[PDB]
Each structure stands twice: as structure tokens, then as C-alpha cells.
Ligand SMILES: CC(=O)N[C@H]1[C@H]([C@H](O)[C@H](O)CO)OC(C(=O)O)=C[C@@H]1NC(=N)N
Ligand SMILES: CC(=O)N[C@H]1[C@H]([C@H](O)[C@H](O)CO)OC(C(=O)O)=C[C@@H]1NC(=N)N
Ligand SMILES: CC(=O)N[C@H]1[C@H]([C@H](O)[C@H](O)CO)OC(C(=O)O)=C[C@@H]1NC(=N)N
Ligand SMILES: CC(=O)N[C@H]1[C@H]([C@H](O)[C@H](O)CO)OC(C(=O)O)=C[C@@H]1NC(=N)N
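Protein chains in written order, with our numbering: chain Y, 69 to 455; chain X, 69 to 455; chain W, 69 to 455; chain B, 69 to 455.
In C-alpha cells, the structure reads:
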């Protein structure tokens, strides 16, 4: 039967490590796909780790150009959480260089975008097969979440973006029951930009903390109602959470407009807590090093910069990167509330390191109502490989 | 319980990519069987990719002579769609260098032909074991579909051919419930030739688009009724769909007789649409390069050459090859109609390339009611391998 | 629920190939256990291939001494029929250098013998764990079937031998419900010898065609009743079926006494057909080359040498070896009778070939009521390996 | 539904080999994790082998420093008993360099401790996800069982230790239903020390045979009641069972105080039998060589040194090491009593051997009411590896 996911998010004080896959380290000798954009989604029987292969394996000649971002070889697959993206445990999901996924209690729903950049198409899947499609509507990279979409009482919603990586673009929400689309919406956000949102269910509504790739060093936020009515803005916080980003002291929070002088970013996330918010980010303000998460007092509703809880999961001497959200189903956590969790992508090799390849590993952290000590659960691989 | 498969085929406007396995690319380092003749069949829980191994793996000394077509080592196996034909996820089906397969809602039914060429035998399997057999009846390669057979309301039917690859041969239809044969038929087609049919269910009857290897550059078509009464001919179309084949301008369609001056071919397919038809084919008229599919107006009932929908899934700079059909069960697509899909085999190495081996990869496309943009989702492997 | 297996054996006219694993060929590059003594047993959901690893893999330094027969490393494992004995699909059964196995409709029952030769012990397993044991009772290699034991209406019976490989030894039957022994019997056979029986169910009684390693070039036969009352002798046939063995022309059949001047043998099998019998054997009378099976008219009840059905599954230019029996459950074949099948072990490397290792592959043939043409489905490996 | 596990332990006369994994031997060529601290726990469907990887595989550069004990890479995983800890069959449990696990009839419960040593944290898991946590409470390695915890009628209990490896430390018991903690206890044991207990269910109470790392060459024992009331002491026996340990002749048993002049040890176990006890141990009193188990008459209640049953499972010419307990569920053994079993860890390479790596293999022995002959089922690997 169907999953409700209508409870608010639980109020945690810290996150405990769920898993760690050791994708890369294990790949020096194992048969592991070369990937990127990994994320985590859960059903009422298990959580799985979805990723985007490069139709190749680590420590092999085919892992060469693996930095480009797109190719016809990129395919969306998955494996039980914590397990590495190896070839022998992989479940084929779909053909994509940009995906998202979520389960609604009964079956999984996947969306893999692939094809030419001026005419890419999104193949929606449900129950082991594609059921519906969405063609690029602005002829210019029809991307998406690169993270767990969201299902509430049977209806699963997600976000998509067609446009430049810089200047203004076009966004849209998507709502669908059992793999068949059922209406969507065009996000009005002139001057504001949005990409790869790390959503999650909360209070019977969908909340996302996306990524402005145009001008914002602060992230845009967006609450989606079931009838497609929505709200869009930016984490109010007085602290920046993008990368690259200006300093905490030189940044002024903003609930409606983007801020900071930076035209590039990185996927990221944030959880709503009362009017408070837990916001993740890479410690090193310029590169993709280390990963830290912060709970600014009142941050979701005020421009607050009042900190009172900080914990590192990746120190600044370790490659980090992407990081999305998702929740544990009540049919697993057992809580009376949606336990919030997130993952951290730990990229390696190019661009940052001298290697002919690029890939990443992931680490899964999870709510809990106990303050967790700072530590580093970094990749570990010894670069370069048998290159 | 049993599957009906009595609904007509849905009327699509284009096909969206279901999966891609990256068999070869992944094999440069992985443990993947060396194969050929792959295809796709689906049950009410999943679609699987069936293939014919060579009892060996890529990038190994045993992948040597792998071009011959037949050996006692060739065995029919399968893996969830999109997954590569690796050794660790393979499901043993049967011993064969020529197979077909289909599920009837409850269990799978496989038929693997193997043995000497003048006395080969077909072992029929059902539920993990052989139940019935069919011995060669003309002492001369007892081949078959090399594609998904067809089950309607419990009875599964398929096609077989015993004879020369050229001059006239002997064909026969086959109908069977739960793995036990139950009557069959000899196809009368003097002057006309048939091999490896890419059938599918439609309107409570079975339709196949086979391959004349004798003289036809246009494919033969055949509608099988449940009582074994049938119809046999050639796609009426005024456009050739075999390889090698003469030009579109120099070809005259034919609903009853084969045409064109060519004594060799390749497996292929076609879907009925009203009186219209979607016909697949390799773009390059002589070699096994690129793959394109066309919807000629009225083509299934008239000698029409009226085009009004063309989409490439493999441009002409990429090795292609075989391509068969099959349908998605209503217990998966959810449609009220049999969603039509097909796969494309992408061969590599010998004969076309300087390698001691030969194998292929596959790509799965699927109905949908949206016109899909042209693209190439080609093999990708870097030949030669660690040869 | 429980399996009856009380129906007679079906009367076939030939056997069709079920599967072929390509263990060795695939091992040149794959991760396959180095094994020996493989066999086949089936439950009402699937047949599996049981074997004895050497706690090592092909094409590795540990596959060295792998000829000895016994070590503390030898462990009994299995994999779906036709699948190779690779490490990633293997199911651990038990610790042994001599096993047997069978399912009784509900769970599997395994018996792995291991330990010192003068005090070896048999660990009986049932449902994923050992339930009962049988200690060596004559301090001298406590071996067993090396083939599928037999279960009838819940009670599973098998055979064991403690003694020299030559001169007289001690045998015993074993009957047990759900993994717990329940009485057994000492076979009286002075002058007669018995080892590794290839039994099967028939007419509510158990029939085995074992191996005299002392003096018989003809095999001993033994019918086990449910109350442990039994019958013991030798295939009556006027044709020898052991290896080494004297010529067909110089052999005189014998229903009660062993015959021929040979003190060594090989595992083998035979099926009862009316008073007729299908008897398997290696074609080459001295070595372990080729495999043939024969249906001598009346052979099971008379000293007959009347042949009228012969089919080779391995020509005499191909290494062969062991071969045991077993039946397909009615809950799989669908027949109203126990379809008889058997497997053929194809050994390689030492002793016969110049290699530091020894192992084998298997081939599964199965009843059917159609006369099957002679062919060779031999190993295939290219020796030596990356040695 | 829930598991009772309230029956006493069965009274065996010997233990029969359940399985053997051949982890290391197989790893010379296979893809096996490099591990340590392996153990065995069982549910009412199967027993599984839990271990602690090093986020790497054997015969690879990453298996280097693998001796340290702790890293952020260490993750707790498992595989069906007897199966090696290979990457393709591994089930991710949690992130840890110190774990324990047990099933309560419905789902599994795992606890993985990881993080800094002065602030480590324990993530409790249940049903594929962490549900509750326990932070280090003495800032100094928050370790645990490294063996199967214990569940009785739904409530699962285990033991933890925070302190120095030498001088006095702090212990505590833990009781929890469905992954959520529910009260615990601080063990009062001044002068006495406890670590990595090898518990098991017996008489509706929990009994553990731990390891004093401070001063005891005799092991401490502890009976846990359901209301957390408990008893703590040392195996009464007049024979030492730790390593290093003084001689049997120079040792005087002790039911309340530790004895012997040794400040280091090794994990170990013991089973209660009447007032008798089966105690395991490494034969060689100083190193980690061989493994033997002894049943001293009355040993659990008296300082007895009365032996009358000894059996070796690893002779003193073979590396051995850790060894924990656990029981077979009645829903598997079928007995009316909790069949007692245990495993033996066979370490290899560093520190004892000249290798850049360290890891181990395991062997599983199991109750039974038959006296089992002495033998060696040692590792087998040929060191060094392709180093
Ligand atoms: C479709 C595509 O190529 N998406 C890109 C993404 C995108 O480039 C930016 O979001 C700007 O729009 O950037 C990044 C990135 O790491 O910055 C990875 C993505 N790679 C993949 N999703 N495969
Ligand atoms: C049984 C057999 O050898 N079949 C051949 C097939 C056949 O040769 C032609 O259809 C003419 O009859 O050709 C081809 C081919 O690629 O042209 C592949 C097949 N290989 C395999 N099915 N293994
Ligand atoms: C227990 C044992 O070592 N059994 C031997 C077996 C036996 O040697 C003869 O049957 C004489 O008794 O011979 C053979 C053989 O191939 O001749 C293989 C067996 N190897 C294994 N079962 N592992
Ligand atoms: C947490 C930790 O590092 N535990 C150590 C353990 C400990 O060191 C002693 O018990 C003293 O407290 O010793 C040993 C050991 O083999 O002596 C292995 C353990 N390694 C692992 N559990 N990973």
C-alpha cells in the first residue's frame, strides 16, 4: 500500500553515520562503476543508493574522460545503501546523466534524462519500466534533482531545470501518481536561479533547498503544496551555504533575494527545524573540500546568523562535494516523525587531482536526537590508481 | 495466474530509451560473457535480457573464435534488463546457439537449439527445467527466433526454420501450453523465405516481422491465429528494410512477394500501427552501421512509401546490427494497451573490426506517445581490447 | 509440504541437454572455485549443482595440489544448475571432501564428511544448519554418494562406505526425517564392493547403481525399501560399465557377482526401465575419455547384452569422468512420472594433462520421450592456463 | 514474530564443523574484503557471518596498514555463514571498527561504534537503518562485543566498555526492544576487567564469558537477568583460558578474582554445562596459535581442573586467534534446547607474518551430542601474497 509521508520532520540535535561505501578504495581492485551524482532514497523495506555510472569501471581505460558530465553511456543505477556501486550488485534503473528517484510505498519511480543537450528527454520509470516521458522544453540541458524526489500519499513530485548554467533559466515542478505525470508548474523566479534540489517531505508539503548557479552564494528554497501552489525564495540565513561563497562576516542573509558575487555553485541541502534550519556545506569556501552542517537559530524564517550546533563529517583536508537530503520512512525508523538524513559525495581525481579519471564515494548521515562529535569519514583512495 | 496479451498494440508517436547495458565497455575489466543474438522479453514482474554466451568472457583468450555462430559451448542465459551479461548476475536458461523465450504470466518458457547441424535438437524449458523437445526435421540447422516468443492466454507460440541460408527452406509455427507442445504448422512460402522472427502480441493474434535470407531485401510478415490458421507475406511498404538492401528510390513495395537483388540479410522488426507500421533498420544500406526506425503511412496494408516520422537511435558512424521486438505487459506499463518496445544489438570486433573476438551490446527502446529526438546511444568500447 | 517421489521412473527413449556450466573455460578469467565431484539434485522450485571446492579458484596459485582428493580446505557448496561454481553465486552447504544432498519438498538436507581419515566425521545439515552427525565407524575414509541422496514422503536415505579402496569394505544405508537420523543398515556384500552410489526414486523404493572399487568392472546395484529391508547385487547386463573395464566381447553379465579383472573404477549410474536399463559409461575403456549411455534390452533383470539405443554426449576425444543420477520433481516436469536425468563430470588437467591443477566441468542431460542425436558438449578449456 | 530463546543450552559432548569460509585462500585471486573481528549470529531463517572490513580487498595496495585496529574506513558487514567476506555477496550493516549483532525473530539489530577515540559513538541499527545511538561515556574507545549480542523474547542485550586496555575501566550492560534502547547498567568490577564478551542465551538469562585485558589470564563471566540485575566474576575453573597465560600447573582457579601475571589477552568464550563448562582457548600459551576447547568437570561453579573431554579444531602449527559464541535457534536446529556453537578466527600476516597486511578467516563449530575427533581446519593461505 501507499506511503503517507505527511508527518513533520523530527527535530534532531545531531546526525549519526548510517553507512559508508568505500567505493573508490574498493575499486582499486574491485569491479566498481565509475560514477558521480550519487544520492539516497528509501522505501518501507530498505534505502538504496542511486548513482550515475559512466558505463565503465574504476582502474580501467574506459574511466578516462569521466569528467565531462554527459555522454550516451551514462546510465542511472542503484545498490543497497552502503554497498559500493559495483557491477555485480547493481540494479539497472534507467539511461541518464541526470536522475532522481523515490518510492511511494508500493514501487519505485525513476526519471532518467539523457540525449542531445538541445533536445534531451526524460524517461520516467515505475516498477521496472518507463511509463511516461517529458521532453526538453527549452532546448538546453533538461536536468533535474540528482537527488531523492518526493512522494506524499501516492503522489510523487520533483523539480526540473532547462537553461544556461549562469544567466536566468526556466524551472518547473512535477507531480505524478504511479509513474504517470499529472500536471506540473512553472516556477516564477526572475533574477533567481534553481538546480538539483535536495528536497524531502514535511508537514504534508514538499520542501527543497536547491542551488542557484547564476548569482547566489546562498541557496534558494521552495515549498511545494499538493495542488501545485508553491513558495520560492532563498534560505533566509545570514550565513552563506554554497561553493564558491563569500565569507560569513561579509554576508548578509536574505529570505527573498540571492546574494554574494559568485556565478557557480554545488548541490547542497538544508533541513527545516521549527523556524530553525540545519544547513550543510563544504568547509573550504572555494574548493570542494570537507563537509560541515549547521543549525542556525531561526534561520529558516529569519536572516539569522545565530549558530548553536556545528558538526563536521569531513574535515577540510579531505575531498568532499555534493550532498542531498531525504527521509527515513516511519515504517523503518519507527518514529512518529520523519527522521531526516542526508548523504555527502566525496569526489576524487579530476579536476582536483592528477588522474585520467573522476568519480566519488558517498557517506550517509542520519537524524537522531543526540549531539554527534565531529569526525572525518573521508574517501580513502590512494591516487593515482594503476591509472 | 495467466497473461492474456489480447489487447491491440498501443499507437505510439515515438520510443523512449528503457535501458542500455554497457556490456562491452564494462567488459574491458569486468567478467562479462562474450555473446551475440541478445533480445528482450517481459513478464508481469520484470523484463529480462536473454542472450547466447560463448561459454567465455571478454578480454580473455577464450573469446577468440567467437564469430563462428555455433559451438557446443554456446549456452542461452539472461539478466535483468539493462544489466550486462556478466557471470555473477546471469541466470542459466539452456544450452543453445539459437534461442527464444517468453513468459505467460506464471513461469518462463525457453527453447534452446543445439547439437550437430544435420541433427540439431531444440530443448524446450519451463519453470527452470526442460519439459519438451523438437528434433531437427530437415537435417540442416534447426534455428529459431533469437527473440521473444509469444504467449496469449496461456498458450505460447513461436517460429522455427530448418534449411539453407539461401535457396528455399522449411518453416513451421509452434504452439504450446506450460512447456508441453500442442500442435504446430508448416508455413507454405515457396519462393519466400523466413528466419529469426521478431514477433509480438496484437489483437489476440500473433504478428511477426521476420527475415528472408534467400532473395528479399524487404522482410516477410506473418499473422498467427490461435488455431494455427495463419497469413504470410512481406511488409507491404514501398521502402526496403533489410541489410544488405537496394536504395529507397529503386525499390518498389510488395505485399506478397519478396523484392530486391540480395541473398543475405539481418534480423529486424516492425510494429503494426492501424494500417501504418513502424519499421526498424540499419541506416547504412550495406553494413551493420547505425539504427533507424520509420513509420510509413499505411505501410502494413499498402505498398506505401509515405514517411512522416523518423528517429535514429544509432547514427551511421556507430556499429549496430540485430534488433527484435516484444511488448510490455499491461501489468507493468499500466496502459490499457500493449506498449510496444524493441532492442538494438550493437555488434563489435570481427568481422568489421581487427580483433580476435566478436560480441555485441544492446539498447532498449520503448513505445510512449511522445515524439523522441534522434540520438546515438552506441556501444562505446575502445577496440582492440587487451586483446 | 513434503515430496512423495513414489512414482516409477518415466520410460524415456533419449535424454536432452538441460544445461552446461562452462566452469573451466569461464575460469581462465573468472573467479571460479577449483572443484571436483560435482552432481545434481532438485527440489520443487529448482535444481541446483552441488560440488566440492578446494577452498580456491582457477588460475591461481592455490589451485596447485588440487588432485589429492582430501584436505581440510575442501568445502561442499552449490549454485543453480548450469551456473558455474563461481564464488559470487555460491551457496555454502558444508565442510567436506565427500558429500551428498537432497530436498524433501520443504528444505534441503546435506551431509559433508571431513576430518582425519582414521576418524573422519559426517556433519548432516538441514535448513541451513547441521542437525545430526555420523562418526567414521571403521577408521578409514568415511565416504559417501558424491551424488544426490533420496527422499520419499519426507524420509531421505543415502549410502556410506568405510574401508580400503580395494579389498572388502563396510557399507551401510541411512534413513532420516528432517535432518535427524532414524535408523540405518549394514549392507552384507562379502566379496562385493560399493562406493559413491548414483541413486534415484522409483516405485516408492530407492535404487542405486554404485561402484565396486575392489574387483568389479560391472557395477553393483541396490534396491532400498522404506523399512531398511534391501536388495544388493550388480547390474545384470552382459556389458561392462566401469572404468577401467574389459571388452564387451570378453565380458559375461552377472546379476549377483562382480566380474572382470580390474581393481579400480569411477563413479557411474544407471536407470531402470521395465526390466531394461539405461547404463552410462565412458567410451574409452581405460581412461576417463568420452561419455556414452546405453539401453540394453532387459538388462536390469537378465544378463542381456541386447543393445537397441545408444547416444554419446561426449565423444572419445574429450575428457569426461564422473556421472551421477537424480530425478526431476513432478512439481517441475509436470509429468505423472519421475523424469530421470543425470550429469557428466568433465575433468581436466592432472592427472591426464600437464597442469599444476585439477578440476572439472559438468553437463546435465534429462529424460524426455524422444531419441536424441549423438554429440559432444565437452569442457572446452585451453590447457594449460596462465598456470 | 519474536524469538523466545529462554531454553537452557543443550548438553553436548562435542562440536561438529558447521562451515569454513576460505576467506584468505580465495582472496589471493578473489575480491574479498580485508577484515578482522569476525563472528556468527543466527535468526530463524539463517545464520550470517558478521565482520569488520577495512574498506579494502585482499591482494591490493589498500590492504597495507590493515593492522592498526581503527580507521574511518572500517565498516561492519556480513554474509551467509561459510561464505567469504567478498564484496559481491556482502550486506552492509554499519560503520564500525567495533560491532555486535543479533536478531530477535523478526529483524536484525546491529551496533557499529566508530569515530574519534575520545568521543566515539555507537550507531544502533534495526531493520536496515540506525534507530538509536549511545555516545562514548568516558572519552576513550567505546568498544563492544565483537560478537553476537543476545535477544530473549524481543529484548536484545549486550555489553560495552569505555577505558584503557590495561588498568581499571568502565563497563555497562544494554537492553533494547526493536532498536530503541530501554535502560542499561554499570557493571561494578573494581580490580576486575571486561571486554568483547562472547555471550549466549541460557535459562531465560544472558551469560557472557568476556576478556580481562588488565590482569586476568582467566576470563571474567557475567549473568544478565532481564531486569538488569546481574552477576559478575570469572570462570571458576582451575585452568587458565586467556592468551598470554601462565601454565595449567601454576594456575589456581578463581570464581571471584582474576589471576595470573599477564596484562594482555584475546577474545574468547565458554559455555555453561550443568556446573560444568566448555572453555575454548589457543593451545600455544603465548601466541595466537592453534585452538582447543575443554570441558572441565564442574568448572562453572567450582575451581575445578578436572578434565574429561578435549578436542582441537586447530593444531598448534596453525595461526588462530579470536573466538566467540552464539546459539542456533530452535526454529532451525529443531531441538527442544538451544544448540550451542562458536567460531574461531584465524588471523594471518602481521603481526605474526612478514606481510604488509593483516586479516583472518573463520571456522564454525556447533554443539551436537557426539564426541568429535581432533583435527585442523586452518586458514590455508600461502603468505606472502602478490603482496
Ligand atoms: C546535466 C549536467 O551535465 N549536470 C552537471 C551540473 C550542471 O552542470 C550545473 O548544475 C549547471 O547547470 O554540474 C555538475 C557539477 O559537478 O558542477 C555536475 C552535473 N553532471 C551530471 N549531472 N551528470
Ligand atoms: C544458427 C546460426 O548459426 N545462426 C546464425 C544466423 C544464420 O546464420 C542466418 O540466419 C542464415 O540462416 O546468422 C547470424 C548472422 O549474424 O547473420 C547469426 C546466427 N548465429 C547464431 N544464432 N548463433
Ligand atoms: C574420499 C575420497 O578421497 N574420495 C575419492 C575417491 C576414492 O578415492 C575412491 O572412491 C576409492 O574409495 O576417488 C576419487 C576418484 O576420482 O577416483 C575421487 C574422490 N575424491 C573425493 N571424494 N574428494
Ligand atoms: C576498538 C579496538 O581497537 N579494538 C581492538 C582490541 C582492543 O584493542 C583491546 O580489546 C583492548 O581494549 O584489540 C584487538 C586485538 O586483536 O587485541 C582488536 C580490536 N580491534 C578492533 N575491534 N577493530
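Where is the CB? At the ideal position from N, CA and C, for every residue including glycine.
Contact check for residue 140/B against residue 176/Y fails: the beta carbons are separated by 8 Å or more. Every beta strand (DSSP E) of 3 residues or more that sits fully in the segment 304-355 of chain W is shown, in chain order, as 338-341 and 344-349.
Here the alpha carbon of residue 226/W sits roughly 15 Å from the alpha carbon of residue 110/W.
The alpha-carbon of residue 144/Y is positioned some 13 Å away from that of residue 170/Y. For residue 93/W, the secondary structure class from DSSP, reduced to helix, strand or coil, is helix.
For residue 356/Y, the closest alpha carbon among the candidates 419/Y, 260/Y, 235/Y and 73/Y is that of 419/Y. When DSSP states are grouped into helix, strand and coil, residue 181/W belongs to the strand group. The C-beta of residue 210/W comes no closer than 8 Å to any C-beta of chain B. If you check the CB distance, residue 306/Y and residue 373/Y come in under 8 Å.
Scanning the segment 241-270 of chain W from its first residue to its last, the whole beta strand (DSSP E) runs of 3-plus residues come out as 248-255 and 268-270. Distance from the CA of residue 146/B to the CA of residue 80/W, rounded to the nearest whole angstrom, comes to 46 Å. In the structure shown, residue 398/B adopts helical secondary structure according to DSSP, grouped into three states. In this structure, ligand 4 has no non-hydrogen atom nearer than 7 Å to the beta-carbon of residue 282/B. Rounded to whole angstroms, the separation of the alpha carbons of residue 397/B and residue 72/B is 9 Å. If one requires a minimum length of 3 residues, the beta strand (DSSP E) runs lying completely within the segment 353-398 of chain W are 357-365, 374-387 and 393-395, in chain order. In the structure shown, the three-state DSSP call for residue 273/W is strand. Nearest C-alpha to residue 376/X among 324/X, 130/X, 339/X and 362/X: 362/X.
Per DSSP, the beta bridge partners of residue 238/B are 230/B. Short note on residue 233/X: C-beta closer than 7 Å to some heavy atom of ligand 2. Proximity of the beta carbon of residue 355/W to ligand 3 is not indicated: no heavy atom of the ligand is located closer than 7 Å.
Contacts between residue 171/B and chain Y, judged by CB atoms closer than 7 Å, are missing: the closest CB pair is about 16 Å apart.
Put simply, the segment 319-329 of chain X does not touch the segment 338-351 of chain X. Fewer than three CB pairs are less than 8 Å apart. By the Cβ test, the segment 433-452 of chain X is not in contact with the segment 406-415 of chain W, since fewer than three Cβ pairs between them sit closer than 8 Å. For the pair residue 339/X and residue 291/X, the Cα-to-Cα distance works out to about 12 Å. Collapsing the DSSP output to three states places residue 130/X in a helix.
Proximity to residue 347/W across 429/W, 249/W, 308/W and 253/W peaks at 308/W, based on C-alpha coordinates.
Of the candidates 359/B, 162/B, 240/B and 221/B, the residue whose Cα lies closest to the Cα of residue 212/B is 240/B. The Cβ-Cβ distance between residue 151/Y and residue 208/Y does not fall below 8 Å. Burial state of residue 248/B is exposed, judged by a 10 Å Cβ sphere holding fewer than 16 other Cβ atoms. Annotated three-state conformation of residue 99/X is coil, per DSSP. The beta carbons of residue 285/X and residue 236/X sit no closer together than 8 Å. Straight-line measurement puts the Cα of residue 149/Y at about 50 Å from the Cα of residue 251/X. Spatial neighbours of residue 311/X in its own chain (CB-CB distance under 6 Å, excluding positions within 5 residues in sequence) are listed in chain order as 334 and 350.
Distance from the CA of residue 416/X to the CA of residue 448/X, rounded to the nearest whole angstrom, comes to 10 Å. Judged by pairs of C-beta atoms under 8 Å, the segment 115-127 of chain B does not touch the segment 108-127 of chain W, as fewer than three such pairs exist. For residue 161/Y, the three-state secondary structure derived from DSSP is strand.
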